[PDB]
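>
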Amino acid sequence: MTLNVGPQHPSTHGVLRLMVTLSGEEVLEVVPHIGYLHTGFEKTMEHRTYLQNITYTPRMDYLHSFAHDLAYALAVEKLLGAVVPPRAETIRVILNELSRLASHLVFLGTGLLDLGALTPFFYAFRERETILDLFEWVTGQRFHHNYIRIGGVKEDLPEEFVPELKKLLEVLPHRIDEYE
Amino acid sequence: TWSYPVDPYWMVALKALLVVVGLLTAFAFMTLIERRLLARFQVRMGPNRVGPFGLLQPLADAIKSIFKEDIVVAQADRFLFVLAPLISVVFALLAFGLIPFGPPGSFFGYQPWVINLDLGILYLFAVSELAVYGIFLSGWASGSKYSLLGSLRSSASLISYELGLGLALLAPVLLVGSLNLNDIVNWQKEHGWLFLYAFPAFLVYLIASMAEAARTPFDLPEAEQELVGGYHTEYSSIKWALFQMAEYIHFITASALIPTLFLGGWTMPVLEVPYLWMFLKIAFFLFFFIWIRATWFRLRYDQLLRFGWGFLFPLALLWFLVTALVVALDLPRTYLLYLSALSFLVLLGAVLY
Amino acid sequence: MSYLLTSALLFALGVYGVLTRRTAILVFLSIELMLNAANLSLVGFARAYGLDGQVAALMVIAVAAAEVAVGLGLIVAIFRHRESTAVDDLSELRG
Amino acid sequence: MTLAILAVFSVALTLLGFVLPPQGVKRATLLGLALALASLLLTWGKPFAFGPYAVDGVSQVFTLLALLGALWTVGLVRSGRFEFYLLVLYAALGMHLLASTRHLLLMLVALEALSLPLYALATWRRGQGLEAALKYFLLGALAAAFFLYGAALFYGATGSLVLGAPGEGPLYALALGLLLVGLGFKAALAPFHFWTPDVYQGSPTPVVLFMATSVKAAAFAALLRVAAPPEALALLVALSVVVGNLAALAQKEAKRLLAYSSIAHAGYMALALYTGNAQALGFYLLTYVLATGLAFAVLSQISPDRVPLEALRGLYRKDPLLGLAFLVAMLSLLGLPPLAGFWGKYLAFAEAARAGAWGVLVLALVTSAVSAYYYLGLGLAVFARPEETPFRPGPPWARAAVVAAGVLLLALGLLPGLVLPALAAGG
Amino acid sequence: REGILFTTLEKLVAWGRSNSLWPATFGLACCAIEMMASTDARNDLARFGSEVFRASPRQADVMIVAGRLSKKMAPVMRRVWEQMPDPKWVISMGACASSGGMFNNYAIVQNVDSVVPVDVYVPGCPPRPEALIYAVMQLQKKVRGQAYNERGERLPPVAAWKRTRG
Amino acid sequence: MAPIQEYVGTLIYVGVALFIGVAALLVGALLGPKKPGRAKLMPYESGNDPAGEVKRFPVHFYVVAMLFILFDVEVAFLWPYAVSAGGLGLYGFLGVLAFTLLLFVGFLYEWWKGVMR
Amino acid sequence: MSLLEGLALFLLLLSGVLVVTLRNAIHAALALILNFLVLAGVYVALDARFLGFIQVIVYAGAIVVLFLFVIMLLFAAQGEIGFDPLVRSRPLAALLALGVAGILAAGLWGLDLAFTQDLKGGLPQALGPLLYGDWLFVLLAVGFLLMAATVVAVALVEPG
Ligand code: SF4
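Chains as they are written, first to last, in the authors' numbering: chain 4, 26 to 205; chain H, 2 to 354; chain K, 1 to 95; chain N, 1 to 427; chain 6, 16 to 181; chain A, 1 to 117; chain J, 1 to 160.
Structural data, given as structure tokens:
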């Protein structure tokens, strides 16, 4: 059965086209077909300022976006010889690990729902919502945040970020232990 | 129907129409309750909107369902495409009248039930086959083999566990000696709550009825996230609504039958109120089942077939043989109480390792 | 008595099916119809002669199920790799 | 208590084959069949009935014949599938049940139980084998439908499903006819013969041995229980023997020709049905089973798929004992003195003449003389010059089996007054 | 019959459809994840009538295009839309869907209204889940006949009721 | 036993249920826009080939169904013993036990061979 | 009786005609299921109730379900492919059907029977002692037949 699991259907997350060559209940071979999300960053970026491109970096991996932001910032800093302040570096690692936790939350929720049960999606997404509240506090944006800069970060943290981050760091160990 | 009177045919027709429209309102508001109970399970809240309690949203939904451009897909069998939903719905609706909701006359003069046929469980088995019938038939008529495959998965799994249902239902017949629901109920009135004697059969009936789309095969399948299920994906306005309606009526019919058959169909040890205890047990099983719906994963229907075929059905026939030995030698009826209690203790102690 | 004549009529109908049908499966279906006509005659004569024809027909049903299982397995094995089931496609064995 | 042995061995080996090699499973099947045969011998003169199940002289003799045919056909088959032995065991038990009852419905159940495993045993997977299996299954299910409606009309004409009930006029005649249709199809009588040539040509030769011996034995055993009218018997015999021998004249292939010859031989055996002596028929079937098993064991040693006529030639030069035994079998199937096939033929004809059917007996004899044409074109071809032909000169198993079969044939032809005295109660 | 030709009946059926609006998401990019956030246990589009979510297109009236629509995805989305029951509406979520957004290039459709008849537009990158709820109430009151543009005109209940499909 | 009146009431039940179902179908069919289009009538999934061209489905479903017919025959035979049990005594118990064990040996063979195939 | 009895017999005959006439395998099978339903109703009317229920459960519920599974695995709905029409065979088949009906009609004609026995409903309560008892041996033979059928089909498919 050369079956065509189409793009977005049935409930194949991350729109993709699959030609599952398959007889029975096994999986002989899946022929993948991609390109349905090709936007052309590698070309569009050639026509944007280096500062402008910081708006283009989060939008490709939109779950762990600050990793894109950090990779691009670091490459430009190496190329033009920039010096990153230590506090800016600490903030950058915090944001990267926070977006990492958000992405890990979304990945595991999507997997469990994809096969398994629906319920455990909501707890992971509640913790993700706390993380997104942190991101709004600091950058004014949920994701695609334009905060990193070639020198460093756009501006400094408000007073309220550290208390809410400690709150989440205290609740998270029990939460992750619950998922486990 | 040894001891029970018969209402006039017009009164039987009236009671039948009442039970059908009551199952309509029942499945609609039970969809509301399942939405909101799932919402409570996952810390969110339900539809405090179009209600107040959301109880006008099924009305809005039905009003959408009609006028929704009921489409007859080309390249699909013109007649069978239309015909299959009616089958799946009718044979899910019927076989609920048998359930006694009270002692005779407790319907304000006439009859708690509609029909009290002498052979009940056979009627249940037969009408249970016809649900799988409608499922795979609509799968075919859809004219999409993608849906057909899910229909076949469905049919395979449901047929397996539907066979298991028979060996499950064997055991209490040996004790009661009648195939009438009221006689079984009165036997549970005298000796008490047949599940106390037949706990293994109770368990296997529960897990078999779970395969009847209740949940945790969950490779029933639904079209979502797998090789799509059967009987849907090609119906738009009214026929899809009818498919889901019948699946839910079968769900609640099983949730009602479980206490009716194994537990104390209404006939409580105390206070003997006709309807309320039966409805409460229905609600109890419904809430436990929704807990399952929320809280447990799929089975891939391969593990589900393996499990049902290798474990449930052999276990059910073994318990049937034990009960048959006991009844043939008739030694006490206390031995079955002891045996079911010990079997429950065994199947429990193996969990807490 | 009308039931026994109706059973004979159903027997004749299944015979016509067996003769007319091009497909092995539909031939087998016509045969099942013949079997059930026989079962109805048995039930009528059981109503006549005291209920033994009922157990007879029950055993008949069981036998029919077994033979259906076997024959459908054979049909699948013969026409799984092979094309259209039409029984005229097999003429190798001749007098 | 032989049926008990059969059922025990079948059910046990069903699961035993999981831990036992197919060779061990074949050894086990052989031991069980021989033990059932020994029990049949030790119970000679001990008729035993429990339910509708009844062991009498007929049951004993015909199940002895079937057990012999099954043993021979199993000896040759060396396939590494223990199911190919499970099916033979099932068929043996089914034929025993068929021969040991008068209940029509239990007879139907036994018929299905013995016939279904043969349909599967007819699959060497050769393309003709599937065609043969298909024709066989379809015509067999049709005849099962007919036999079932005959049993229903029997239950209509009388309160019981057991044969021997008094019986009405036209309706009883109709019920008897609807039973006779299925019984003759299973006995390869014309004009129900069409399946036999195709099935014998398509099925593997050892399976055809098993069939042409045990199936015909059990079929005639069950036929003896029916009170077949003389006019119907006359028609069956005439058509069967005439068409059998005539169409066998035209056959270019050994298996198909032997099938038509078996049609003619069923026509012959149907004469003893006039009186239902069953001693004459028991003897006839003893002789015919031995001869046919011999011939088909030789044909199996030649080729399992198909054996043409010329392949038989040079068989003497290849193996003299095999050529001679094949000649003896052809003569015993021709029914010529001083052979036990002739004695069975004579006993059937004596029963027929005692029944007073003269023209039918004459036509049977004329068609039997016609049969000598191809019976000699087979027996004498053994001496011709060997042409290109595959020949595997068997094991000592099949050699000794063929030789003992021919020896028993000739010995009971010379002194039938040894065994024939005990085909009745068995003194 | 489309919900028309009686003063009471049409308002009643529009009420029904407006509250029973059945979303079918067509997730393309990060707009799709910000729409998945409109269902979590802080702000759920599971009250107004959008609790259930049938992945099939034969079963939903509202088609929510959430993300950048690549030109290779345009025919697929086109046919997913055409394969919907007829009383159907289209929401265009985010800048990439509404206009070409910041990706103004050969790869992305510069207005989804090119391929599907769009009912509601909702700007933002991503548009906030509460902005999406504002859009669905907008569409609600649109199919209620309570929607007007900046020019004063009342808007028809269903777009894709005005096109010569073919 | 039970009177035929309950069976006539059963017939009434079926007639009522079927009448209500046909009423629902009439409402659903009559109330609709009725704008057939080619792409709308197209089966599924963006142009062609939701299932597309696939050869015959796995015989696993056949195996499950045949298994089911045989074991359902089994249950059909087990029911008369289930009702008439105490009167048939140890002898009836032994006969039904023999029947059950035969068909369970068949099941054990088909299981140790398995059908994942 | 005759009012609804004639109705039920006409339904049976028409369903048989459909199952033997229609060239759609699915449609024929559905006609045969309708036939089995009408036939179980007639069974109940003939005081055979358990037998009607098993006719629905096994024959309709299981047997023709497997049939439908087979014909849906192997499409085969448009049977008229590879015709070898032999058009002369259609009137001959109709003739043979009429004759096999007429001979039975002759055998049953002028035949009146005592249909007066108190079956007490063909309930399993009263059928049990016959099944396990006089028919216990036939039952055991049937069970052995079923086991043999399982092994037969299993070894029959068994690709290797
Ligand atoms: S508008 Fe922004 S959030 Fe939406 S798909 Fe485009 S990049 Fe993603």
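Cβ coordinates follow ideal geometry from the N, Cα and C atoms, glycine included.
(1) Determine, using beta-carbon pairs with one atom in the region 131-141 of chain H and one in the region 293-309 of chain H, whether at least three such pairs fall under 8 Å.
(2) Is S35 (chain 6) buried or exposed, if buried means 16 or more other CB atoms sit within 10 Å of its CB?
(3) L31 (chain A) to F68 (chain A), Cα distance in whole Å?
(4) Can you determine whether any heavy atom of the ligand SF4 sits closer than 7 Å to the C-beta of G109 (chain 6), and answer yes or no?
(5) Alpha carbon to alpha carbon, how far is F75 (chain J) from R56 (chain A)?
(6) Could you tell me which chain H residues have their CB closer than 9 Å to the CB of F115 (chain J), listed as they occur along the chain?
(7) Give the secondary structure of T85 (chain K) by DSSP, where H, G and I count as helix, E and B as strand, and everything else as coil.
(8) List the residues of chain H whose Cβ lies closer than 9 Å to the Cβ of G136 (chain 4), in chain order.
(9) For a contact meaning CB atoms closer than 9 Å, what does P32 (chain 4) contact in chain A?
(10) Is it buried or exposed, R180 (chain 6), if we count other Cβ atoms within 10 angstroms and call 16 or more buried?
(11) From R93 (chain 6) to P132 (chain 6), what does the alpha carbon distance come to, in whole angstroms?
(12) Can you list the residues of chain 4 that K113 (chain A) reaches, using a CB-CB cut of under 9 Å?
(13) Quick check on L116 (chain N) - is its C-beta less than 8 Å from some C-beta in chain A?
(14) Do you know offhand how far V21 (chain H)'s Cα is from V91 (chain H)'s?
(15) Do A212 (chain H) and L171 (chain H) count as a contact pair if the criterion is CB distance below 8 Å?
(16) When you compare only the Cα positions, how much space is there between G53 (chain K) and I250 (chain H)?
(17) Hey, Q189 (chain H) and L195 (chain H): beta-carbon distance below 8 Å or not?
(18) Shortest alpha-carbon distance to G42 (chain 6) belongs to which of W104 (chain 6), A70 (chain 6) and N126 (chain 6)?
(19) Please list, in chain order, the chain 4 residues whose beta carbon lies closer than 8 Å to that of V54 (chain A).
(20) At which residues does the beta strand (DSSP E) containing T32 (chain H) begin and terminate?
(21) In chain 4, which residues lie less than 8 Å from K87 (chain 6) when you measure between Cβ atoms?
(22) Less than 7 Å between the CB of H169 (chain 4) and some heavy atom of the ligand COA, yes or no?
(23) Just to confirm my understanding: we take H193 (chain N), look at its own chain, exclude 5 residues before and 5 after, and list those with CB closer than 7 Å. What are they?
(24) How many Å lie between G94 (chain N) and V11 (chain N) at the Cα?
(25) Following the continuous alpha helix (DSSP H) through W30 (chain 6), name the residue where it begins and the one where it ends.
(26) On the three-pair Cβ rule with 8 Å, is the region 11-18 of chain H touching the region 10-26 of chain A?
(27) Measure the alpha-carbon distance for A404 (chain N) versus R392 (chain N) and round it to whole angstroms.
(28) Is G82 (chain 6) close to the ligand SF4? I mean its beta-carbon at under 7 Å from any heavy atom of the ligand.
(29) Find the residues of chain K that neighbour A152 (chain N), judging by a C-beta separation of less than 7 Å, and give them in chain order.
(30) Using only alpha-carbon positions, find the residue among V7 (chain H), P113 (chain H) and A40 (chain H) that is nearest to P275 (chain H).
(31) First and last residue of the beta strand (DSSP E) that includes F41 (chain 6)?
(32) Look up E67 (chain 4) in the DSSP assignment and say whether it is helix, strand or coil.
(33) Taking beta-carbon pairs under 8 Å, can you tell me which members of the region 62-87 of chain K lie near chain A?
(34) Is the CB of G176 (chain 4) under 8 Å away from at least one CB in chain A?
(35) Which residue marks the beginning of the alpha helix (DSSP H) containing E351 (chain N), and which one marks its end?
(36) Less than 6 Å between C-beta atoms, sequence neighbours within five positions excluded: which residues of the same chain meet that for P201 (chain H)?
From the atom records:
(1) Short answer: they don't touch.
(2) What you label residue 35 (chain 6) is simply residue 20 of the fifth sequence in a count that begins at 1. Counting Cβ neighbours within 10 Å, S35 (chain 6) comes out buried, since at least 16 surround it.
(3) For the purposes of this step, residue 31 (chain A) is taken as the residue at position 31 of the sixth sequence. For the purposes of this step, residue 68 (chain A) is taken as the residue at position 68 of the sixth sequence. Cα-Cα distance, rounded: 42 Å.
(4) For the purposes of this step, residue 109 (chain 6) is taken as the residue at position 94 of the fifth sequence. Remark: the C-beta of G109 (chain 6) is in contact range of the ligand SF4, defined as less than 7 Å to any heavy atom.
(5) Working through the seventh sequence from its first residue, we reach residue 75 (chain J) at position 75. Working through the sixth sequence from its first residue, we reach residue 56 (chain A) at position 56. One C-alpha to the other measures close to 8 Å.
(6) Indexing the seventh sequence from 1 puts residue 115 (chain J) at position 115. Within chain H, no residue has its beta carbon less than 9 Å from that of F115 (chain J); the closest one is some 23 Å off.
(7) Your numbering for residue 85 (chain K) matches position 85 in the third sequence. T85 (chain K) falls in the coil class under three-state DSSP.
(8) Here residue 136 (chain 4) refers to the residue found at position 111 when the first sequence is read from its first residue. The premise fails here: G136 (chain 4) is roughly 11 Å from chain H at the closest Cβ pair, so nothing lies under 9 Å.
(9) The sequence position of residue 32 (chain 4) within the first sequence is 7, counting from 1. Neighbours of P32 (chain 4) in chain A, taken as residues whose beta carbon is under 9 Å from its own, are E45 and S46 in chain order.
(10) Working through the fifth sequence from its first residue, we reach residue 180 (chain 6) at position 165. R180 (chain 6) is exposed by the Cβ-count criterion.
(11) Locating residue 93 (chain 6) in the fifth sequence gives position 78, where the first residue counts as 1. Locating residue 132 (chain 6) in the fifth sequence gives position 117, where the first residue counts as 1. For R93 (chain 6) and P132 (chain 6), the distance between alpha carbons rounds to 10 Å.
(12) Residue numbering aside, residue 113 (chain A) sits at position 113 when the sixth sequence is read from its first letter. Within chain 4, no residue comes near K113 (chain A); the closest Cβ sits about 17 Å away, beyond 9 Å.
(13) By one-based count along the fourth sequence, residue 116 (chain N) stands at place 116. For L116 (chain N), no CB of chain A lies under 8 Å from its own CB, so it is not counted at the interface with that chain.
(14) By one-based count along the second sequence, residue 21 (chain H) stands at place 20. By one-based count along the second sequence, residue 91 (chain H) stands at place 90. Rounded to whole angstroms, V21 (chain H) to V91 (chain H) spans 10 Å at the Cα level.
(15) The count along the second sequence starts at 1 and reaches residue 171 (chain H) at position 170. The count along the second sequence starts at 1 and reaches residue 212 (chain H) at position 211. At the C-beta level, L171 (chain H) and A212 (chain H) stay beyond 8 Å of one another.
(16) Counted from its first residue, the third sequence places residue 53 (chain K) at position 53. Counted from its first residue, the second sequence places residue 250 (chain H) at position 249. Cα to Cα, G53 (chain K) sits roughly 39 Å from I250 (chain H).
(17) Counting from one through the second sequence, the residue named residue 189 (chain H) turns up at place 188. Counting from one through the second sequence, the residue named residue 195 (chain H) turns up at place 194. Cβ atoms of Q189 (chain H) and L195 (chain H): closer than 8 Å.
(18) As a first step, residue 42 (chain 6) is located in the fifth sequence; it is residue number 27 there, counting from the start. When each option's Cα is compared against that of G42 (chain 6), the closest is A70 (chain 6).
(19) Locating residue 54 (chain A) in the sixth sequence gives position 54, counting from the first residue. Within chain 4, the residues placing a beta-carbon under 8 Å from that of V54 (chain A) are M26, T27 and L28, ordered along the chain.
(20) On the second sequence, position 31 is the one that residue 32 (chain H) refers to. Under the DSSP assignment, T32 (chain H) falls outside any beta strand (DSSP E), being part of the alpha helix (DSSP H) whose first and last residues are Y10 to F42.
(21) Numbered from 1 along the fifth sequence, position 72 holds the residue referred to as residue 87 (chain 6). Within chain 4, the residues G60, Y61 and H63 have their CB atoms less than 8 Å from the CB of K87 (chain 6), given in chain order.
(22) In the structure shown, the ligand COA is absent; the only ligands present are the ligand SF4.
(23) Taking the fourth sequence and counting its residues from 1, one reaches residue 193 (chain N) at position 193. Closer than 7 Å at the Cβ level, and outside the excluded window around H193 (chain N), lie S240, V243, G244 and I263.
(24) Counting from 1 along the fourth sequence, the entry for residue 94 (chain N) is found at position 94. Counting from 1 along the fourth sequence, the entry for residue 11 (chain N) is found at position 11. So the alpha carbons of these two residues sit roughly 14 Å apart.
(25) Residue numbering aside, residue 30 (chain 6) sits at position 15 when the fifth sequence is read from its first letter. Following the DSSP letters along the chain, one finds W30 (chain 6) inside the alpha helix (DSSP H) bounded by residues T22 to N34.
(26) Cβ pair count under 8 Å is three or more, so yes.
(27) By 1-based counting over the fourth sequence, the position of residue 404 (chain N) is 404. By 1-based counting over the fourth sequence, the position of residue 392 (chain N) is 392. In this structure, the CA atom of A404 (chain N) is about 20 Å from the CA atom of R392 (chain N).
(28) Within the fifth sequence, numbered from 1, the residue matching residue 82 (chain 6) stands at position 67. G82 (chain 6): yes, Cβ under 7 Å from the ligand SF4.
(29) By 1-based counting over the fourth sequence, the position of residue 152 (chain N) is 152. Within 7 Å Cβ-Cβ: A38, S41, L42 and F45.
(30) Looking up residue 275 (chain H) in the second sequence gives position 274. The candidate whose alpha carbon is nearest that of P275 (chain H) is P113 (chain H).
(31) For the purposes of this step, residue 41 (chain 6) is identified with residue 26 of the fifth sequence, where counting begins at 1. DSSP places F41 (chain 6) inside the beta strand (DSSP E), whose first and last residues are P38 to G42.
(32) Locating residue 67 (chain 4) in the first sequence gives position 42, counting from the first residue. DSSP places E67 (chain 4) in the helix class (H, G or I) of the three-state scheme.
(33) Listed in sequence order: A62, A65, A66, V68, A69, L72, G73, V76 and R80.
(34) By one-based count along the first sequence, residue 176 (chain 4) stands at place 151. With 8 Å as the cut-off, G176 (chain 4) does not count as an interface residue toward chain A.
(35) Position 351 of the fourth sequence, counted from the start, is the residue given in the question as residue 351 (chain N). Here the alpha helix (DSSP H) through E351 (chain N) covers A340 to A355.
(36) In the second sequence, the residue the question calls residue 201 (chain H) occupies position 200. Closer than 6 Å at the Cβ level, and outside the excluded window around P201 (chain H), lie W320 and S344.
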